[PDB]
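Read through the structure below, which is laid out as structure tokens, and then see the notes.
Don't worry about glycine lacking a Cβ; one is built from the backbone with ideal geometry, like all the others, and counts go over all protein chains shown. Laboratory data are not the source of any read-out in this text; all were calculated from the coordinates shown.
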Amino acid sequence: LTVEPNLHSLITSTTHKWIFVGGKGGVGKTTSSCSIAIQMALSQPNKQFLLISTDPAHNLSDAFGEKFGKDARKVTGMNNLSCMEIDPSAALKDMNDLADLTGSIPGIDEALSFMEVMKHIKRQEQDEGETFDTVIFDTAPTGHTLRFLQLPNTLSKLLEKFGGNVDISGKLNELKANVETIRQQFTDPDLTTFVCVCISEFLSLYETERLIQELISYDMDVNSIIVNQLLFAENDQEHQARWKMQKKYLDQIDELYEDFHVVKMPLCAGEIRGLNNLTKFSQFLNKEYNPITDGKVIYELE
Amino acid sequence: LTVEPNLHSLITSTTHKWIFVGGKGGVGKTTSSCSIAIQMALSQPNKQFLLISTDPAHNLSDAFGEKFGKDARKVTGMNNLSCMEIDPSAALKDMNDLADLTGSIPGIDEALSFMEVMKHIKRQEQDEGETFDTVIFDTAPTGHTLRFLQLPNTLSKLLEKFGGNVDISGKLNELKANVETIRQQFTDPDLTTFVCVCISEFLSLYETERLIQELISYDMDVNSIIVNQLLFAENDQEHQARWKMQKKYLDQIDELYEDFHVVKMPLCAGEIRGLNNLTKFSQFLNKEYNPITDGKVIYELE
Amino acid sequence: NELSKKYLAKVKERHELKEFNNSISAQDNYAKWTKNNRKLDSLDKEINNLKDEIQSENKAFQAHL
Amino acid sequence: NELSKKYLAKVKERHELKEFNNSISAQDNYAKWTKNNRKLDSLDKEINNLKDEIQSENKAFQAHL
Ligand SMILES: Nc1ncnc2c1ncn2[C@@H]1O[C@H](COP(=O)(O)OP(=O)(O)O)[C@@H](O)[C@H]1O
Ligand SMILES: Nc1ncnc2c1ncn2[C@@H]1O[C@H](COP(=O)(O)OP(=O)(O)O)[C@@H](O)[C@H]1O
């Protein structure tokens, strides 16, 4: 009664509506984020999807080779996957031209920025009269993007014992709502979930361990880890020191998280860009990659 | 009139007293931190050294295979390099059993923790009557360890326009001193400097770029970048897709930082632990590694 | 019997575990290493709970004659 | 002539540069890409300086009859 080493369960799911993808270091968060989308978009034609990114470097545009902006466009070559690239930090900075009690309260700026995103989304579903059944978040590379989930509990730990010198204590109780309505959702293992990307090296396994903890505290559902850029060097056409170490950690991770969906991806020769390759690579999130038989498909990519 | 691609200039220097080593991701900060020490310790026998680490996982003890604690021990096999492993976060947490105005002011906790370190050092030079001419910092893996350098300027931007309900505004002016006496030093390109470790992949080059900026703001001297874990795959005894990309970035970095000491280290087969290997590997910080001639020395390591 | 036998058992246990974790390669035994850590992170809070359990029972007897 | 021709020239230039940076592979042209960025980070402040240069000259004429 072991757990399947892949995301099929997730890509098959019909219940989820929110899926978060993240991991520090250049380990392939973006690549994975796109992969989960396409895979989710191909396995359920009826549903309409949205892959969104907060990163300012416009990575999803780099990943697909297309120019996606603030307007929810559809991937060229797809039918139910739409990408949206937005910068909240800038947006929230214009309707702020004070926030003094924001820097004061850890977690405000985030919640704010987030809601600034949701807005830009419901706005897209209006001018487009198109409802998104599931959204995928390409979590910001640095910073705790979604820390606001604690905002509720913390805003209570400073109200019973703490204080228009009060119009502040109002539009604040009004927030500890928007956030708890949300947190309640993301804290539902059936509606939302988080997938952690990671490379199989020490410092990376640490970080992702940290993160997993961070999500645990927030009461977010962490269930899957995709270990990217693996070698499996021994299954090449012919003769490796790194694979020895990676393998080392892989065994450790399998032992640490026995109830987790640990996915092992291969390190292809060169970039994995554009729908044709992304799709080709992504399928290894569904049916686990087999170094033997699938050794070739990893050389079709450029 | 180009710049030497190595640290010889630094390892030769007699003026410096403080050298900071850091970089996120598992790129070898620790390995580099140890390497700069040993190299500095061997090239100047007269001087006495100290390699210190804040990391709780006790990494320097892992790197050398010895058990270094809070007491400045000497490396077994060395003569002027001493390692000291301390956890400030815990220390500062005992004489705090409020800090309310700490979380309030960004940069306090750090300065505090730092000074808590310096103390533990001058304390070692007393019970040991042994003065350290130069110290090397194995900067904490996550968090802006040394952000306090802004503490001065910020404490001024909230005094002329802001307020024992005042014994606070006193032991605070007393701090904006300890910190500025220090900042003045670290901001002296002759006494202190920072070396950034980085792997030659995108996400890592970004981060280190970020960091470099962060240090620039603090007015700290950033002059050297050591790009670790390189392949140079074409100089192996016999036939590589990653080296193609790495090489790609390497060219970019040389172009971005023309006045910087960009050091290229090799990726050896397996761990680089203990004095015998560390020393062997470290020499490539002084005389740059040549893939051709030095291709063997990278296989003597385990 | 609580704010003592508890605040010690643990702080002690923690202290005991802490030294042990520092006797294993966080690298060759990442598995165990991180397990222990996760644990210490737990004790680290219930000890910080008994630190308020023992402090609420003070602000209690003094706020109530 | 300052709090206008300046606050625009730049905000404009910045705005102009911003769109350009979004026309190059942060990956194949990391070199240029990061250069531009470093620049924008500069304009990002002198614009935030003219935002206080223009605001100190207001709290000035009104604090001085
Ligand atoms: N499994 C893999 N094998 C080979 N190359 C990969 C793999 N995953 C990602 N890449 C490369 O890394 C780049 C994407 O890195 P990225 O995912 O953006 O790092 P991050 O997720 O931290 O932003 C792509 O250009 C691609 O060439
Ligand atoms: N140039 C290198 N070649 C091969 N292995 C390396 C190299 N540098 C570091 N390592 C390996 O990485 C480990 C140290 O990683 P570490 O330096 O602690 O990452 P970090 O600096 O982020 O903490 C060692 O166990 C060693 O085996």
Exercise for the section: Give the nm distances, rounded to one decimal, from A:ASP219 to the matching residue in every other copy, measuring between label points 7 Å along Cα toward the beta carbon; shortest first. Expected result: 4.8
Completion exercise
Computed from the beta carbon distance with a Förster radius of 51 Å, FRET efficiency for B:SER217 and C:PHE61 to the nearest 0.05 stands at 0.50
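Provide the FRET efficiency to the nearest 0.05 for the A:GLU174-A:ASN46 pair, computing r from the beta carbons and using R0 = 45 Å. Walk me through the numbers on the way to the answer.
Working: r = 37 Å, r/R0 = 0.82.
Efficiency, from the Cβ-Cβ distance: 0.75.
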Completion exercise
Gyration tensor on Cα atoms of chain D, a ≥ b ≥ c root eigenvalues, a/c under 1.5 rounded, else prolate if a/b beats b/c, else oblate, says prolate
Practice task
Distance between Cα centroids, segment B:75-123 to segment A:216-269: provide it in whole Å.
Solution key: 36 Å
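Rank these for me by crowding, B:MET220, B:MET265, B:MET95, going from fewest to most other beta carbons within 10 Å. Don't jump to the answer; show the numbers that get you there.
Numbers: B:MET220 21, B:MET265 24, B:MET95 8.
Listed from fewest to most nearby Cβ atoms, that is B:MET95, B:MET220, B:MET265.
Summing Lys, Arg as +1 and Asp, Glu as -1, what charge do residues with Cβ under 11 Å from the Cβ of A:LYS17 carry, A:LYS17 excluded?
Working: positive: A:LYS47; negative: A:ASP133, A:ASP188, A:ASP190.
Every neighbour counted, the sum reads -2.
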Fill in the blank from the handout: Two pseudo-spin positions, 7 Å from Cα along C-beta at B:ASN276 and at C:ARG38, lie apart in nanometres by 3.7 nm
Completion exercise
At the level of C-alpha centres, the distance separating segment B:142-194 and segment A:8-35, in angstrom, is 43 Å
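How would segment B:8-299 be classified by its alpha-carbon gyration tensor: rounded, prolate or oblate, with rounded meaning a/c under 1.5 and the a/b versus b/c comparison settling the rest? Can you show the working numbers first?
On the way: a/c = 2.19, a/b = 1.57, b/c = 1.40.
Prolate, since a/c reaches 1.5 and a/b exceeds b/c.
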Problem - Nm distances between copies for B:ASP259, ranked from closest, using label points 7 Å along Cα→Cβ - result: 5.6
Practice task
State the answer as a single residue: which of A:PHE148, A:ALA72, A:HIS16 lies farthest towards the positive end of the charge dipole of segment A:1-160, with beta carbon charges of +1 for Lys and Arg and -1 for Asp and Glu, about the Cα centre.
Solution key: A:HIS16
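Using a 10 Å cut-off around each Cβ of peptide B:201-209, what is the average number of partner chain Cβ atoms that fall inside?
Numbers: counts 5, 7, 10, 2, 3, 9, 5, 0, 5.
Counting other chains' Cβ atoms within 10 Å and averaging over B:201-209 gives 5.
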Exercise for the section: Add +1 for every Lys or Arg and -1 for every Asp or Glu among the other residues with Cβ under 15 Å from the Cβ of B:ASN6, and state the total. Expected result: -3
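Hey, got the average number of other protein chain Cβ atoms within 10 angstrom for residues in D:26-38? Numbers along the way, then the final one.
Working: counts 9, 10, 4, 1, 11, 8, 3, 5, 10, 2, 0, 6, 5.
Going residue by residue through D:26-38 and averaging, the value is 6.
Please report the net charge: other residues with Cβ closer than 11 Å to the Cβ of A:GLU288, K and R +1, D and E -1. Working shown, then result.
Details: positive: A:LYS264, A:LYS287; negative: A:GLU4, A:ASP294.
So the environment of A:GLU288 carries a net charge of 0.
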Problem - Residue closest to axis [chain A; rotation mapping onto B; Cβ; Å] - result: A:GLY25, 2
Exercise for the section: Indicate the gyration tensor shape class of the protein assembly as shown (rounded, prolate or oblate), computed on the Cα atoms with a ≥ b ≥ c the square roots of the eigenvalues: a/c under 1.5 is rounded; otherwise a/b larger than b/c is prolate and the rest oblate. Expected result: rounded
Problem - Average beta-carbon neighbours from other chains, 10 Å sphere, peptide B:141-152 - result: 1
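Under a point-charge model restricted to the Cβ atoms of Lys and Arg (+1) and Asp and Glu (-1), what is the dipole moment magnitude of chain B relative to its Cα centre, in debye to the nearest 20? Please report the intermediate quantities before stating the final value.
Values: 28 positive and 44 negative charges, 25 e Å.
Dipole magnitude for chain B comes out near 120 debye.
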Problem - Estimated dipole of segment D:5-61 in Debye, rounded to 20 [Cβ of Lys and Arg +1, of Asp and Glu -1, Cα centre] - result: 80 debye
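Taking the Cβ-Cβ separation of A:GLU238 and B:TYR299 as r and a Förster radius of 25 Å, what is the calculated FRET efficiency to the nearest 0.05?
Working: r = 20 Å, r/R0 = 0.80.
FRET efficiency, A:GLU238 to B:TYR299: 0.80.
Sort A:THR279, B:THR139 by Cβ crowding within 10 Å, fewest neighbours at the top. Show your work: numbers first, answer last.
Numbers: A:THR279 17, B:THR139 24.
Ranked by crowding around the Cβ, least crowded first: A:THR279, B:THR139.
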Problem - Length added when fully stretched, B:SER104-B:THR142, from 0.36 nm per residue minus Cα-Cα - result: 11.6 nm
Handout entry: Beta bridges per DSSP with both ends in segment B:8-299, % antiparallel, nearest 5
Key = 5 percent
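Antiparallel as a % of all DSSP beta bridges within the protein assembly as shown, to the nearest 5?
Values: 4 of 66 bridges.
Taking every DSSP beta bridge with both residues in the protein assembly as shown, the antiparallel ones total about 5 percent.
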